[PDB]
């Protein structure tokens, strides 16, 4: 499992935009920025759609007011599902990133097996990333949602 102080693996995350499908090198996309990245087990699922992602939508402005250049959600879903999920959630201020084959998630050691529900998915977590180095890392406990929410990240940014 990745830990605070490590650089992100040289992995790719996909996004569907106007020019079309783009494969972002993570170490390029997050270079030189303060990034809040949070992961959900799957788009259109209850906790992610009713609590986790909405929490970051409502606090997006206050997060960026404390120096956050980029807020991004990642899930083990394809980019077409991620785009439709963000439009249904009005997540225009959140960068919706797809880890279709769970390769980025596997490289972080943060995968989990949902068996017949959805195969391999991401654990629920949230990170603060400064120029590619993981500065803070909040990984949820199984079946728990208390440390990866936007309010907890908001308090972490206030610290120093």
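Numbering follows the first chain given and starts at 1.
Between 145-153 and 10-18, it is 10-18 that carries the larger average Cα temperature factor according to the deposited entry. Mean CA B-factor, 20-28 versus 132-140: the higher value falls on 20-28. Which of 53, 37, 115, 98 has the largest Cα B-factor in the deposited entry comes down to 115.
Between the residues 67, 119, 109, 41, the entry's highest C-alpha temperature factor is the one at 67. Ranked within its chain, residue 105 lands in the lowest third, by CA B factor from the PDB record. Sort the modelled residues of the chain by CA B factor and residue 90 lands in the highest third.
Ranked within its chain, residue 57 lands in the middle third, by CA B factor from the PDB record.
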